[PDB]
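Taking it in order: structure first as structure tokens, then the write-up.
Values in this text are rule-based calculations from the coordinates and carry no lab data. Virtual Cβ from ideal backbone geometry, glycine too; neighbours counted across all protein chains shown.
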Amino acid sequence: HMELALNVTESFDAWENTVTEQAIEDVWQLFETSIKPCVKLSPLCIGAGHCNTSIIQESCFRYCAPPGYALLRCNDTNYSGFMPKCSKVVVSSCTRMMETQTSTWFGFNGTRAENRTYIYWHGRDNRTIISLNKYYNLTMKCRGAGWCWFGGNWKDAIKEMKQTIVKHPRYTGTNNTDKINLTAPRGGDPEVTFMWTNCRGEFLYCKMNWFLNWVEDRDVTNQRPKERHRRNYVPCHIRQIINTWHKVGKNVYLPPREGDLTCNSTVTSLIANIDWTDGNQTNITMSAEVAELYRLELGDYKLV
Ligand SMILES: *[C@@H]1O[C@H](CO)[C@@H](O[C@@H]2O[C@H](CO)[C@@H](O[C@@H]3O[C@H](CO[C@H]4O[C@H](CO)[C@@H](O)[C@H](O)[C@@H]4O)[C@@H](O)[C@H](O[C@H]4O[C@H](CO)[C@@H](O)[C@H](O)[C@@H]4O[C@H]4O[C@H](CO)[C@@H](O)[C@H](O)[C@@H]4O[C@H]4O[C@H](CO)[C@@H](O)[C@H](O)[C@@H]4O)[C@@H]3O)[C@H](O)[C@H]2NC(C)=O)[C@H](O)[C@H]1NC(C)=O
Ligand SMILES: *[C@@H]1O[C@H](CO[C@H]2O[C@@H](C)[C@@H](O)[C@@H](O)[C@@H]2O)[C@@H](O[C@@H]2O[C@H](CO)[C@@H](O[C@@H]3O[C@H](CO[C@H]4O[C@H](CO)[C@@H](O)[C@H](O)[C@@H]4O)[C@@H](O)[C@H](O[C@H]4O[C@H](CO)[C@@H](O)[C@H](O)[C@@H]4O)[C@@H]3O)[C@H](O)[C@H]2NC(C)=O)[C@H](O)[C@H]1NC(C)=O
Ligand SMILES: *[C@@H]1O[C@H](CO[C@H]2O[C@@H](C)[C@@H](O)[C@@H](O)[C@@H]2O)[C@@H](O[C@@H]2O[C@H](CO)[C@@H](O[C@@H]3O[C@H](CO[C@H]4O[C@H](CO)[C@@H](O)[C@H](O)[C@@H]4O)[C@@H](O)[C@H](O[C@H]4O[C@H](CO)[C@@H](O)[C@H](O)[C@@H]4O)[C@@H]3O)[C@H](O)[C@H]2NC(C)=O)[C@H](O)[C@H]1NC(C)=O
Ligand SMILES: *[C@@H]1O[C@H](CO)[C@@H](O[C@@H]2O[C@H](CO)[C@@H](O[C@@H]3O[C@H](CO[C@H]4O[C@H](CO)[C@@H](O)[C@H](O)[C@@H]4O)[C@@H](O)[C@H](O[C@H]4O[C@H](CO)[C@@H](O)[C@H](O)[C@@H]4O)[C@@H]3O)[C@H](O)[C@H]2NC(C)=O)[C@H](O)[C@H]1NC(C)=O
Ligand SMILES: *[C@H]1O[C@H](CO)[C@@H](O[C@@H]2O[C@H](CO)[C@@H](O[C@@H]3O[C@H](CO[C@H]4O[C@H](CO)[C@@H](O)[C@H](O)[C@@H]4O)[C@@H](O)[C@H](O)[C@@H]3O)[C@H](O)[C@H]2NC(C)=O)[C@H](O)[C@H]1NC(C)=O
Ligand SMILES: *[C@@H]1O[C@H](CO[C@H]2O[C@@H](C)[C@@H](O)[C@@H](O)[C@@H]2O)[C@@H](O[C@@H]2O[C@H](CO)[C@@H](O[C@@H]3O[C@H](CO)[C@@H](O)[C@H](O)[C@@H]3O)[C@H](O)[C@H]2NC(C)=O)[C@H](O)[C@H]1NC(C)=O
Ligand SMILES: *[C@H]1O[C@H](CO[C@H]2O[C@@H](C)[C@@H](O)[C@@H](O)[C@@H]2O)[C@@H](O[C@@H]2O[C@H](CO)[C@@H](O[C@@H]3O[C@H](CO)[C@@H](O)[C@H](O)[C@@H]3O)[C@H](O)[C@H]2NC(C)=O)[C@H](O)[C@H]1NC(C)=O
Ligand SMILES: *[C@H]1O[C@H](CO[C@H]2O[C@@H](C)[C@@H](O)[C@@H](O)[C@@H]2O)[C@@H](O[C@@H]2O[C@H](CO)[C@@H](O[C@@H]3O[C@H](CO)[C@@H](O)[C@H](O)[C@@H]3O)[C@H](O)[C@H]2NC(C)=O)[C@H](O)[C@H]1NC(C)=O
Ligand SMILES: *[C@H]1O[C@H](CO[C@H]2O[C@@H](C)[C@@H](O)[C@@H](O)[C@@H]2O)[C@@H](O[C@@H]2O[C@H](CO)[C@@H](O)[C@H](O)[C@H]2NC(C)=O)[C@H](O)[C@H]1NC(C)=O
Ligand SMILES: *[C@H]1O[C@H](CO[C@H]2O[C@@H](C)[C@@H](O)[C@@H](O)[C@@H]2O)[C@@H](O[C@@H]2O[C@H](CO)[C@@H](O)[C@H](O)[C@H]2NC(C)=O)[C@H](O)[C@H]1NC(C)=O
Ligand SMILES: *[C@H]1O[C@H](CO)[C@@H](O[C@@H]2O[C@H](CO)[C@@H](O)[C@H](O)[C@H]2NC(C)=O)[C@H](O)[C@H]1NC(C)=O
Ligand SMILES: *[C@@H]1O[C@H](CO)[C@@H](O)[C@H](O)[C@H]1NC(C)=O
Ligand SMILES: *[C@@H]1O[C@H](CO)[C@@H](O)[C@H](O)[C@H]1NC(C)=O
């Protein structure tokens, strides 16, 4: 039945991307797949040296969630990432997710969101992903019109996060000075900070810049530096037809609704893909989609 492995390939290309790209594309294949004619054809590659073309039988009411897909994890400690000696393994399947909530920025419910911030991270010397987790307060409710609300110490929190990310990258070599900024492009230049949010089915897009207007430095001053007064909401505009971030492309999905849905969600799990490759850059990024959801609970998604 299930006969996985534990191998991975990491390289240079993101358009010719593999695990990621494959995981993403296939997902909307499984997902777009819930509409009924009589008999459907599903694939089923995840790394076997050949492929499975899954075939659902039926006719020509309550159903779980993935007409054809399932997940499972290893086991042992709270979390790390990769280079395991992996052993015991568990059982799981359903995928109702579309129903519930989500975001490109901060994973929702966090659980024993201990005061002391976290940077829980799957490492790769240079090209890697993070998961920051602090107790402090953050809220994020959406109001359907296309504008999202908050509550918390978000300036300060980032500080912690920025206070956080300083302790583990220790003295590299030379006597140095820090200078954090963000982007997240690839091969081309945009110049905007988008985030998405799922909560109750509608797949809503947000133009998020005021939230993301901060240049970081080691030791600073703002006495003689400048001051203007700014406040915040979210100029979201649903894009059922999804305008794709990491690539100026397109996708869609077929949702439900409760007329006046006015989103809501608890913040905890702020994410990032920090870039620090040899030279002059500490490059925070915000791509970390649906497999992070389950990755959020287990340690690391395994699908098939
Ligand atoms: C879905 O779930 C979510 C949960 O996430 C629900 O949303 C949450 O629910 C709470 C209550 O419904 C809500 O509380 C409210 O929060 C507001 C947050 O706004 C603040 O943050 C943002 C970002 O920084 C800013 O835009 C804004 O300026 C605010 O700072 C607050 O506006 C409200 O609380 C405060 O105001 C009222 C009225 O004045 C006070 O009663 C209350 O005490 C708060 O203010 C005092 O305390 C703060 C901090 O201690 C001080 O800064 C402030 O000056 C006040 O200090 C005075 O007053 C108190 C006495 O009251 C006294 O201690 C002190 O001596 C001073 O005199 C507001 O009540 C959560 O924040 C909210 N989350 C979100 C999204 O913000 C949501 O409803 C759910 N959906 C459904 C189903 O409804
Ligand atoms: C695989 O492993 C993960 C961690 O590695 C495991 O390593 C080996 C040695 C195993 O044999 C495990 O001991 C260890 O789990 C698992 O994470 C763990 O998952 C368990 C659930 O099976 C968690 O326990 C739960 O957490 C609550 C926290 O309390 C814990 O601490 C106190 C005091 O130390 C203890 O009393 C508890 O037993 C916990 O250890 C706890 O409140 C929960 O109890 C409730 O739930 C049961 C079940 O329904 C219910 O009957 C009872 O009445 C309670 O209401 C519960 O015990 C544990 O926290 C967690 N620990 C770690 C280190 O992550 C992982 O789940 C497991 N599964 C997978 C994914 O493979
Ligand atoms: C993630 O989980 C979140 C909470 O998780 C908890 O789940 C339970 C089962 C436990 O396991 C906990 O360990 C765990 O933390 C969920 O977030 C919640 O979202 C819901 C709606 O989606 C919100 O519901 C409403 O909450 C009100 C809270 O405000 C109160 O607090 C203030 C602060 O002082 C008080 O002033 C207020 O008076 C409030 O008391 C609450 O009052 C509401 O309850 C009333 O109304 C409802 C409906 O009419 C009714 O059911 C209830 O009996 C009362 O009449 C209301 O329920 C909620 O704000 C929010 N929880 C938190 C953290 O506050 C979330 O669903 C889940 N999401 C994901 C990612 O899965
Ligand atoms: C990646 O790229 C960045 C940007 O190019 C490099 O940063 C530069 O670092 C050099 C180091 O020599 C800087 O040169 C120094 O500038 C000082 C003043 O500017 C700084 O300090 C003030 C106040 O603190 C700030 O207002 C300002 O913004 C700057 O932060 C000078 O005072 C220095 O002269 C003194 O030091 C020299 C030794 O360097 C002594 O011998 C002298 O006695 C003298 O007292 C010096 O000139 C330069 O300013 C930076 N660039 C920019 C754009 O400002 C990184 O080095 C680079 N990193 C890597 C890994 O390559
Ligand atoms: C994350 O953020 C990083 C920093 O913001 C991004 O790196 C930057 O990527 C842009 C896009 O390609 C590059 O911009 C180019 O700059 C070159 C270099 O010209 C400079 O050097 C010469 C020689 O000293 C000097 O004469 C000039 O005046 C310039 O100072 C230009 O030739 C190009 O036209 C183009 O503008 C940067 O090179 C690069 N910045 C850094 C830090 O080096 C990164 O793209 C982001 N990506 C991720 C991973 O999220
Ligand atoms: C940020 O969250 C905390 C947590 O409080 C909430 O916790 C959940 C589980 C729920 O029970 C909800 O009802 C709670 O509000 C809130 O911060 C704390 O707020 C309390 C009072 O609401 C404070 O207690 C007071 O402390 C002061 C100073 O020590 C005393 O003067 C008072 O007598 C009283 O003891 C406490 O200090 C706050 N500390 C924490 C844990 O952050 C807060 O409401 C919330 N902020 C918002 C609105 O975003
Ligand atoms: C991942 O985190 C867990 C969570 O523990 C944190 O919990 C809070 C409350 C705080 O105390 C913080 O210090 C904890 O790290 C870690 O789980 C705990 O780990 C300790 C030691 O790492 C365990 O004690 C051990 O007990 C065994 C017997 O089982 C001894 O043989 C060992 O020598 C040691 O003394 C403790 O049981 C764990 N408790 C909890 C709450 O899970 C975990 O270690 C950490 N993993 C890593 C390394 O990232
Ligand atoms: C991290 O960001 C800082 C500051 O960012 C500012 O500039 C851009 C990137 C934008 O985000 C804006 O909103 C920010 O306030 C970078 O430091 C400064 O970068 C600017 C932009 O190139 C430089 O300005 C220069 O100004 C002269 C004026 O004569 C022009 O002629 C030049 O063309 C040029 O634009 C300036 O060199 C930088 N200031 C410092 C600190 O010396 C920083 O480069 C960036 N670092 C990383 C990690 O990428
Ligand atoms: C949560 O705990 C921190 C303690 O954090 C300390 O231990 C590690 C997390 C490490 O990062 C270390 O650098 C850090 O100091 C509390 O911060 C504390 O604030 C108190 C104020 O009473 C000070 O006495 C301490 O300097 C400081 N740390 C210590 C050692 O306690 C934080 O406020 C606390 N909050 C909650 C809700 O638990
Ligand atoms: C990010 O990683 C690079 C290189 O890491 C090497 O790891 C090997 C397993 C293999 O994948 C090889 O292709 C890859 O280049 C780091 O470069 C190293 O820098 C240190 C410090 O000077 C030196 O010990 C090495 O000479 C040098 N590379 C080698 C192995 O020759 C790079 O510094 C690191 N960057 C950061 C800041 O994380
Ligand atoms: C690199 O610059 C650092 C800046 O700190 C210098 O570090 C000093 O090293 C000297 C010895 O040369 C020590 O006595 C001091 O304690 C350090 N400075 C202080 C007070 O922080 C160092 O000089 C530079 N490295 C060299 C020699 O190239
Ligand atoms: C990758 O996994 C294969 C099984 O497909 C295994 O034989 C091999 O050791 C692994 N190669 C490495 C080390 O990446
Ligand atoms: C592929 O999955 C189907 C379920 O549709 C299962 O019956 C079949 O055994 C699998 N193919 C093989 C031989 O791995």
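If I filter region 168-177 for residues that are more than 19 Å from the chain's Cα centre (by Cα), more than 16 Å from ligand 12 (Cβ to nearest atom) and either charged (D, E, K, R) or not in a loop (DSSP other than H, G, I, E, B) (or both), do I get at least one hit? Show your work before the answer.
From region 168-177, those more than 19 Å from the chain's Cα centre (by Cα) are 168-177; that's our starting set.
Then drop every residue that is not more than 16 Å from ligand 12 (Cβ to nearest atom), which leaves 168-177.
Filter once more, keeping what is either charged (D, E, K, R) or not in a loop (DSSP other than H, G, I, E, B) (or both): 170.
Scanning region 168-177, I find at least one residue that is more than 19 Å from the chain's Cα centre (by Cα), more than 16 Å from ligand 12 (Cβ to nearest atom) and either charged (D, E, K, R) or not in a loop (DSSP other than H, G, I, E, B) (or both), so the answer is yes.
Name, by its number, the condition in (1) touching a strand residue (DSSP E or B) at 6+ places or on another chain (Cβ under 8 Å); (2) within 30 Å of residue 73 (Cα to Cα); (3) surrounded by fewer than 17 Cβ atoms within 10 Å (Cβ to Cβ) that does not hold for residue 265.
Against the list (1) touching a strand residue (DSSP E or B) at 6+ places or on another chain (Cβ under 8 Å); (2) within 30 Å of residue 73 (Cα to Cα); (3) surrounded by fewer than 17 Cβ atoms within 10 Å (Cβ to Cβ), residue 265 comes up short only on (3).
Check whether at least one residue in region 219-239 is away from ligand 7 (no atom under 16 Å from the Cβ) and on the phi > 0 side of the Ramachandran plot, and report yes or no.
Filtering region 219-239 down to residues away from ligand 7 (no atom under 16 Å from the Cβ) leaves 219-239.
Remaining after also requiring on the phi > 0 side of the Ramachandran plot: none.
No - not one qualifying residue is present in region 219-239.
Enumerate the pairs (first residue in region 32-52 and more than 21 Å from residue 9 (Cβ to Cβ) and in a loop (DSSP other than H, G, I, E, B); second residue anywhere and away from ligand 4 (no atom under 16 Å from the Cβ) and among the hydroxyl-bearing types (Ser, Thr, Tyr)) with beta-carbon separation below 6 Å, excluding pairs fewer than 6 apart on the same chain, so at least 6 apart or on different chains.
42/54
Which residues, taken from region 89-125, are exposed (fewer than 13 other Cβ atoms within 10 Å of the Cβ) and over 19 Å from the mean Cα position of the chain (by Cα)?
Those that are exposed (fewer than 13 other Cβ atoms within 10 Å of the Cβ) and over 19 Å from the mean Cα position of the chain (by Cα): 89, 90, 91, 93, 94, 112, 114, 115, 116, 125.
Listed here are the residues, each with its yes/no results for (1) in contact with a strand residue (DSSP E or B) (Cβ under 8 Å, 6 or more places away or on another chain); (2) within 16 Å of ligand 4 (Cβ to nearest atom); (3) closer than 15 Å to residue 268 by Cα; (4) among the hydroxyl-bearing types (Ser, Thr, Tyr).
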site: 87; (1), (2), (3), (4): no, no, no, yes
site: 100; (1), (2), (3), (4): yes, no, no, yes
site: 132; (1), (2), (3), (4): yes, no, yes, no
site: 158; (1), (2), (3), (4): no, no, yes, no
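For residue 7, state whether it is closer than 20 Å to residue 92 by Cβ and away from ligand 7 (no atom under 16 Å from the Cβ).
On the way: closer than 20 Å to residue 92 by Cβ: no; away from ligand 7 (no atom under 16 Å from the Cβ): yes.
Taking the combined requirement at face value, the residue does not satisfy it.
Let me confirm something: among 258, 202, 216, which residue is surrounded by 15 or more Cβ atoms within 10 Å (Cβ to Cβ), under 27 Å from residue 66 (Cβ atoms) and out of contact with any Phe, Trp or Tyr (no Cβ under 6 Å at 6 or more places or on another chain)? Give the derivation first.
Working: 258 fails: surrounded by 15 or more Cβ atoms within 10 Å (Cβ to Cβ); 216 fails: under 27 Å from residue 66 (Cβ atoms).
Matching residue, one of 258, 202, 216: 202.
Which residue, of 70, 145, 65, is in contact with a helix residue (DSSP H, G or I) (Cβ under 9 Å, 6 or more places away or on another chain) and either under 24 Å from residue 204 (Cα atoms) or away from ligand 9 (no atom under 16 Å from the Cβ) (or both)?
Details: 70 fails: in contact with a helix residue (DSSP H, G or I) (Cβ under 9 Å, 6 or more places away or on another chain); 145 fails: in contact with a helix residue (DSSP H, G or I) (Cβ under 9 Å, 6 or more places away or on another chain).
None of the others qualify; the one that does is 65.
Anything in region 241-255 that is crowded, with 16+ Cβ neighbours inside 10 Å and hydroxyl-bearing (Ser, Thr, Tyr)? List them, or say none.
Hits for region 241-255: nothing passes.
Give me the residue from region 253-303 that is of a type in the set (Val, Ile, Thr) and within 16 Å of ligand 6 (Cβ to nearest atom) and, out of that set, farthest from the chain's Cα centre (by Cα).
Filtering region 253-303 for residues of a type in the set (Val, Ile, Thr) gives 262, 266-268, 271, 274, 277, 282, 284-285, 290.
Keeping just the survivors that are within 16 Å of ligand 6 (Cβ to nearest atom) gives 266-268.
On the way: 266: 15, 267: 13, 268: 13 Å.
Among those that are of a type in the set (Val, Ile, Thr) and within 16 Å of ligand 6 (Cβ to nearest atom), it is 266.
What is the number of the single condition among (1) farther than 16 Å from residue 107 by Cα; (2) within 19 Å of the chain's Cα centre (by Cα) that residue 138 does not meet?
So the condition that residue 138 fails would be (1).
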